[PDB]
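Notes to accompany the following structure.
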Amino acid sequence: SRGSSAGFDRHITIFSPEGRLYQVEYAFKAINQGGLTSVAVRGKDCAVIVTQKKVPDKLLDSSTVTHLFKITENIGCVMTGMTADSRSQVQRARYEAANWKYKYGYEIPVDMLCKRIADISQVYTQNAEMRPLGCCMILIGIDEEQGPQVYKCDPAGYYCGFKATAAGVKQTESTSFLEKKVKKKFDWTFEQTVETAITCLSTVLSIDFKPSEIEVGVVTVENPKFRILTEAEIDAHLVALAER
Amino acid sequence: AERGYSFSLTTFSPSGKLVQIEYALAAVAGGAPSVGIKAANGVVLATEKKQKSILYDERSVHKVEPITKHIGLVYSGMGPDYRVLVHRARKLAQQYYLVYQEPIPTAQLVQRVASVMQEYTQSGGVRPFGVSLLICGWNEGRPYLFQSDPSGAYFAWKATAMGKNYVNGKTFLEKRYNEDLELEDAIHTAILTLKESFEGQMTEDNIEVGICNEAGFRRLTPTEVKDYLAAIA
Amino acid sequence: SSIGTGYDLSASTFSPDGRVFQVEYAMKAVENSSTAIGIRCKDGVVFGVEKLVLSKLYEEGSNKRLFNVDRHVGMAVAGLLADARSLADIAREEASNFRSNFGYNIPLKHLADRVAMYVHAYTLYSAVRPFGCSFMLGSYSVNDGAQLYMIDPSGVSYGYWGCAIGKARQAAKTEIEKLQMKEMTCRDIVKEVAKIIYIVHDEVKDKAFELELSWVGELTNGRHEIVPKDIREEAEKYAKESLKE
Amino acid sequence: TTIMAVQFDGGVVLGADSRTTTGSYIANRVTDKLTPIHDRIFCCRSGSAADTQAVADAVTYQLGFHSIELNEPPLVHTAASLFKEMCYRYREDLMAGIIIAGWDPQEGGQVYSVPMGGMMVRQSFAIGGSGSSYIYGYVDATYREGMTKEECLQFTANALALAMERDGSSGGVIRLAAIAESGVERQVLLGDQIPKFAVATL
Amino acid sequence: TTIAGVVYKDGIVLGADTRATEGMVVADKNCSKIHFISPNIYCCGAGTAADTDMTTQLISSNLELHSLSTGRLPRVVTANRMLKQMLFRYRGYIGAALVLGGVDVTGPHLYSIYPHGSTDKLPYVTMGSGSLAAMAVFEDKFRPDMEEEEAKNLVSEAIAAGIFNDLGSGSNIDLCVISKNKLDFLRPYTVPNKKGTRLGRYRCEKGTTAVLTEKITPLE
Amino acid sequence: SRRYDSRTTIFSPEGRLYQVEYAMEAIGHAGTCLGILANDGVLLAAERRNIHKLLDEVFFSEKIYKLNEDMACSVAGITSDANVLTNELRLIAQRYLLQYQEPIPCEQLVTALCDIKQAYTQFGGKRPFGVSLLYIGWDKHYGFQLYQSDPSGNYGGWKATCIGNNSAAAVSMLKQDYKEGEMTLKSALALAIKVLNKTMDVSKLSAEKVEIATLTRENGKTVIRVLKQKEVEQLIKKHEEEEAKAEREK
Amino acid sequence: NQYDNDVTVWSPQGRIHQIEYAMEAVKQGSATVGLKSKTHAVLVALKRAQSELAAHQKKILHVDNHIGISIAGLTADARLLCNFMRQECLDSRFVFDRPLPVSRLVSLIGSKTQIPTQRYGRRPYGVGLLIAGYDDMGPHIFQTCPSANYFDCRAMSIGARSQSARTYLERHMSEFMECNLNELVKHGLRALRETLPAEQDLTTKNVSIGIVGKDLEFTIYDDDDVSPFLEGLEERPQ
Amino acid sequence: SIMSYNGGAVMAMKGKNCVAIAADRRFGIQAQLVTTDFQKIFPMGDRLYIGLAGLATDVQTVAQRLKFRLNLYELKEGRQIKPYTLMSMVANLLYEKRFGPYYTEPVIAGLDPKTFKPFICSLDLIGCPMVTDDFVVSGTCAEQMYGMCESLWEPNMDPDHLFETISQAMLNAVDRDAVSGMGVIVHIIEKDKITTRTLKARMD
Ligand SMILES: [Mg+2]
Ligand SMILES: [Mg+2]
Ligand SMILES: [Mg+2]
Ligand SMILES: [Mg+2]
Ligand SMILES: [Mg+2]
Ligand SMILES: [Mg+2]
Ligand SMILES: [Mg+2]
Ligand SMILES: [Mg+2]
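Below you can see the structure in the form of structure tokens.
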């Protein structure tokens, strides 16, 4: 062990002498390739999605540039990593979700959707014909009697619910930040949750971004329908953070 | 457009060993520890659920899963592989009940799932499951405790451990406890054998436990957990 | 960075640093191709391509790099032509099936997402190889306006105001940013498309060449058509003359 | 059964009775024959309950995915097409008489008929189901171009009332629903609320 | 068969006779017609006994597998969906007429499912040969929000109407009450039918039966 | 794809199947196991490997399997692989019973399972099973019989043989101390504890470090049983408490 | 060589060697030439003989009344493609009762031959083709290569030393369109001769000609039938 | 009708700590007897028997295929099938042929392998089971058999007053059915023994 290799343990999803799966690992680095970072926070009455929106070109219809997807009307998500893979996974989520309601009679629980996408990826992890997807998925929405939910699933099969989390280049820096502010945790209101998310991203990227440099998605106990903030009202939050 | 690899990814080396299986076990020996005790009057399962990275919502996911009304599970190793086997065991559990109208005998559920795990050591295009399970059940009076690993081989234990320090965790139990132990008794000697490696502040969210008496299988709440924790309860 | 020790033979293998070299390699095939550009005017989308003269024996119109994927959608390609053509058939089939099922012309954003997912499907396995091509989809309608999309070997898809693929992806862009397409009419853009082509085209290395121009907007009545010889010549003259400056 | 739909400027009106029989026994005198397909699209069902229910769930599933995928309100014409596709394709195994009406941000208020055969046609107003035969003349002599969400909503109430009067296969309560950009409002007309016509005497 | 269900203030009540016939002969004087789906969901079955069994068992089994993963408690719409989509798929060959009832996070739900696959969402329903008789009771004496006992007997009265007026129904009246916090599976709820008291003696006295061959075998 | 396929079913320049030979290796490391043929019975004795003070072991045996009603067997190798080949063995038995309404001829149940293993070595690209088995039973054609099978899909009937650890020292021993034609289930159980005491790194070969099972006729119905703890030791002591008596002769 | 054996493997330069290698198969084949006036499409080809006692290889094949082809590369692959081409044409007549537009047939070869270049274990077709046909858009000369790519030509030639022929054709293009048949054929025969070793030229034994045009259904000429065209040659530049 | 092609009758009765099961012995094809020694009751373990009536071929087939399953079940499980479970096993085997069923309505009679519990049940040709505390019938004389049973059965019976009761039900029912008879056989199962007698009956 200690970083050893044997056979093709570095080319296909088979065990290494240590009992690791390098391809699954190489799949994580693949996420960062996009150079972006994403954060999601769980308020007491809502859930928030925030990510960079690096649009270095003026030739792109900024409208078509997103990492925020509407899965259901009550389920929204944020992708981090290889794009094409991501759109793909988004489509599968939309599918598994539309199918769940048709087959069972009720909206799929954010809890279940993520467990599903997760289970799928697990296969790529055990089958050699294909590589895992180099992307990460964060879903959010309001459950029946569980209030707001925030889940994220791995290119490794892992999935879980969090008070808040991140993905992308500054994931590890974003966690240290959040988990430190979740202890001082004031009243996790809608504004604070949104505010806490923006800063976590701004300070780890040290940017104080304009309203066009980020995108924010939100789901509310009083407005369960997934909502993507306008550039206008995004700034309304930015200004609010500058008053101090 | 996808095809498929029809050749097996596990093959005997000249030493006669099945390399991928050993390596799978290595993924196990490197996983959060788990303990199982057959209290001749029930069985207990407990493992180190040390996620709670202050942001992780310990609730949303479990490691001690119910298969049937009277069966239960825990593992040591790769979490995602486990999940797959949980869905297959639960499924295998139903296919039995529909046919026989009697809940599936714990030994039988083990045999069936073990067969699956064995399947992934010979079928083409796949790697063995990087996990080991501890199945517990109350089938026909007597309580049962089993363990099946990557190879697809299983054994019945009076008690044991798997994962980190499973070597020490075993020897510890190899003496630090014995049969005739009643219910709550086996539970204590189990959470103890756990701490015999559990690095950190072992709280009620750092662990998860389930018990299987001759009256169904269930998971203990953070309450009943916080209790036994105070070195008693 | 010279990474490539087996880590670059299959699309089903990630490099130790999270890359899929086969896809990257497919893109090179595109970077080696001749430049093609697309620009969203205010009443349509315009396409232009630097179709290099392979031989003087070839007819004018051979190896077209612009096709009608649907009557209201145009496709501009760069890279391995045979790969591109099959992608054009898929696009067509996709647009045709849509009409049969939902009963109306396919929305460019959807035709693009669809074909893109097909492209992407080919970047996950060892059983197949990524398409060595990139293409743009252009359309116009009154209920949707003008739309320009671009998909590449990885499957990624995006909407643009202006865009270029090929030998001079970069050089073509810095020239597109000079125009204010958002306010420009398609009839005037033809000129500018042919302009940016001659600028970017390498008089030295790449020998003689031909210009391909695609039409689609209020000026065409929603139907993606070839640009009339008349407009082409005018745009060629304007491009050549503007060159002598 | 007696179903009906009318188009008025910014929306549509939909009406149906509540009777569903098996032979001559009413298994449900309160059936809801107006099924929601999407936020502002509805369909009226006549024929095999099992067939119309199964088909509608299928279209709802199909349409819900289509819209999320496009991130846009679905066309009424599309919803009609999805019914027409299933009803034409399986015409030999289905017994469905469907009317699709709803509001379209792009086309406004519309009503489509998809009868037994699987054909599809757009109409100012449509009528279907067993009872429909008794209200053609009525409906032909009463329909006026330019009616209001009110005149219309009342026009179908009369037609359904008349039809329910003569057809054994129709009766119960009259359910209505009006759809326009603003949204969808569904009401019901019990007993007395149901238009009446004096039975001819001496 | 006569099976029925009603929706009352706190939950649901399901009824059912207990007769099973092979033609015009009674095979079982006590068949169990109210089947268990989930702990909060029950289903009465009429039609082809075997079909009513297996379909009911399958949906149950599939729901135990379902809630075993969602971790939540099964919803009625789900049982309704699963059941109707299967029956429809068999175009009526699976002769199962069901009265589905249970309590959700969304409340008490009562559905009637026919063998061809259509369903009815109603406050009170009946199925089986005795359904018209039972439905009469309901239509005549039904009130919304009845109290447990005020419904618990309207149902045994309708299952009774069936029992006497339909040769296809007889024997006992079983019941099932499901409320936001209770599940009373009253097996014999009523027993308005008793076998007439034997007026003679026929006990066969040892030796009356002439035997032609004997053979014993000891067990252990 | 071509690159990751190890070619588990190809010939080597020598003209041998390397994956079969490597399976053997694994076998010659597993719990020793053997069976001897008498005239009133046939038996199986194996090196109980699941020896440990924590196991709860709830089975009739650990390496003894009941196939037919007239048959049972034991294995040496990968247990999971074994559970698979036995399950299939039971099925082949019943299919025969269904079709002919008579117990399947012993050898036939073996040639059956062998054709399957043989296949895994000729096609499929799959690895063979890492198992070798001992079959003992009775059939109205050759009464008592003992059979052995290799993961090569090969087999033979033995009057006596061994498989597993030191499956060489065990052979030669019996190969000379075997009553070819004059064996009783008793004189059989004799060599049993004698040879197992030898090939088995164990001193005073405890009752647990072994598993015994015997098959015999008995007024019609065939009988299959695994000796109880006590019944085992009787032959344990009998061996030694006769051995010290064997050196008082030298 | 890690990037040389599978068509599913791109090289670090954005190339697919297997495809290139297949292209090599064409170059090996004996040279062939194609050109059209404004009323006729003409195929000309040089046939090879293994030994002196063997016959010369077929190089021109009849596809349909309005289409014929010349081949270069693996013969077995030529027959596969020819039969596909024949089938596709028979289908057109069956369903539409009209001849398959030559350009549409070419698009099908393009699609058909592309597939195998993208799937693991498959190989590119190892043959080039010159296609001569005549539809309601007049004469046509197309070229198809092992890479699913194809070309609409004014004139062309593939094969060994076809570079000479190409050169000759590029010089007299402007003449073609107005040539009358026999002159058009001569230009063809003349171009072919360019690809030969100076110490030898066109024989009625090694030349094959294919002609299709507004006035004539695709016809092939092989031995004595080739004389009429060989007569009235040209000095042949010494 | 298909069911009455070979004719036949089968019955099971419940005593105190015993169980009985009897069947006629005629094997005929319409009007014609072919055999007098036709087995219709099969041993499915000690203290557990299954009686098959109906179409001869499926009788034999359903039994043989059921044994197949019963044996493996007992080789995998480490036990002896429990009655309620064998019933569920036959209910599954029959329903797997729901749309092309075997023509036989089984009767199960036995004692718990690890208890006193007497157990009897019968099934549909498609696998619907029926369990009762008194008796169960199957065959071409269901009606005749119910007649006797509702007039001769007493709640608790010792092995002998059960044998004399089930023996009378059969012989008398079977004697008012033209295609059932040619001798009757009875099986009385007690925790300790199995008494098997072939009654004296009409042979017409
Ligand atoms: Mg892999
Ligand atoms: Mg663990
Ligand atoms: Mg990609
Ligand atoms: Mg310009
Ligand atoms: Mg244009
Ligand atoms: Mg017995
Ligand atoms: Mg008789
Ligand atoms: Mg007679």
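Residue numbers (the entry's author numbering), protein chains in the order written: chain A, 2 to 245; chain B, 1 to 233; chain G, 1 to 245; chain H, 1 to 202; chain I, 1 to 220; chain C, 2 to 251; chain F, 4 to 241; chain J, 2 to 205. A virtual CB, placed ideally from N, CA and C, is assigned to each residue, including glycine.
| said: Which of the three DSSP states is assigned to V20(J) in this structure? | reply: strand
| Distance between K98(J) and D140(C) (C-alpha atoms, nearest Å) | 35 Å
| request: Could you tell me whether the Cβ atoms of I63(F) and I72(F) are closer together than 9 Å? | output: yes
| message | Using the three-state DSSP reduction, which class does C148(F) fall into: helix, strand or coil? | response | coil
| task | Show which residues of chain F have a CB atom less than 8 Å away from the CB atom of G74(G). | result | Ordered by position in chain F, no residue passes the 8 Å Cβ test against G74(G), which lies about 18 Å from the chain.
| said: Can you look up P160(J) in the DSSP assignment and give me helix, strand or coil? | reply: helix
| Residue burial classification, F88(I) (beta-carbon count within 10 angstroms, cutoff 16) | buried
| Taking the DSSP output, what are the residues bridged to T47(B)? | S34(B), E208(B)
| Applying the criterion that 16 or more other CB atoms from any shown protein chain within 10 Å of the CB defines a buried residue, is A193(C) buried or exposed? | buried
| query | Taking Cβ-Cβ distances below 9 Å as the criterion, which residues of the stretch 152-166 of chain F are in contact with chain G? | reply | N152, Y153, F154, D155, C156, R157, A158, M159, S160
| query | When the Cβ atoms of the stretch 105-113 of chain J are set against those of the stretch 127-147 of chain J, are three or more pairs found closer than 8 Å? | reply | yes
| task | State the Cα-Cα distance for the pair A168(A) and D149(B), rounded to the nearest angstrom. | result | 33 Å
| task | Determine, using beta-carbon pairs with one atom in the stretch 6-14 of chain B and one in the stretch 123-141 of chain B, whether at least three such pairs fall under 8 Å. | result | yes
| Contact test: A49(H) Cβ vs ligand 8 heavy atom, cutoff 8 Å | no
| request: Kindly list, in the order they appear in chain A, the residues whose Cβ is closer than 7 Å to that of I37(H). | output: Correct list: empty, because the minimum Cβ distance to chain A is about 13 Å.
| query | When the Cβ atoms of the stretch 29-39 of chain J are set against those of the stretch 5-14 of chain J, are three or more pairs found closer than 8 Å? | reply | yes
| said: I need the boundaries of the beta strand (DSSP E) containing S134(G), first residue and last residue. | reply: 133-141
| field | Own chain, CB closer than 6 Å to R157(F), minus 5 neighbours either side, in chain order | value | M176
| If you compare alpha carbons, which of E234(C), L175(C), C107(C), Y23(C) is closest to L68(C)? | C107(C)
| request: Kindly say whether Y149(G), judged by its beta-carbon, lies nearer than 9 Å to any beta-carbon of chain B. | output: no
| message | Can you tell me where the beta strand (DSSP E) holding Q147(G) begins and where it ends? | response | 145-151
| To which residues of the same chain is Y114(I) closer than 7 Å at the C-beta, ignoring the five residues directly before and after it? | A97
| Should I3(G) be labelled buried (16 or more other beta-carbon atoms within 10 Å of its own) or exposed? | exposed
| Interface residues of the stretch 118-132 of chain G facing chain C [CB-CB below 9 Å] | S126, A127
| request: Go through the stretch 132-182 of chain A residue by residue and report every complete run of the alpha helix (DSSP H) that reaches 4 residues or more, in order. | output: 172-182
| field | Distance between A164(G) and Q170(G) (C-alpha atoms, nearest Å) | value | 8 Å
| query | So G154(C) and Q146(C) are in contact, right, with Cβ under 8 Å, and what is the actual spacing, rounded? | reply | Their Cβ separation, rounded to whole angstroms, is 19 Å, which puts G154(C) and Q146(C) out of contact at 8 Å.
| query | Contact check, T52(A) vs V79(A) under 8 Å by CB: the rounded distance? | reply | 5 Å
| message | Can you look up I94(I) in the DSSP assignment and give me helix, strand or coil? | response | coil
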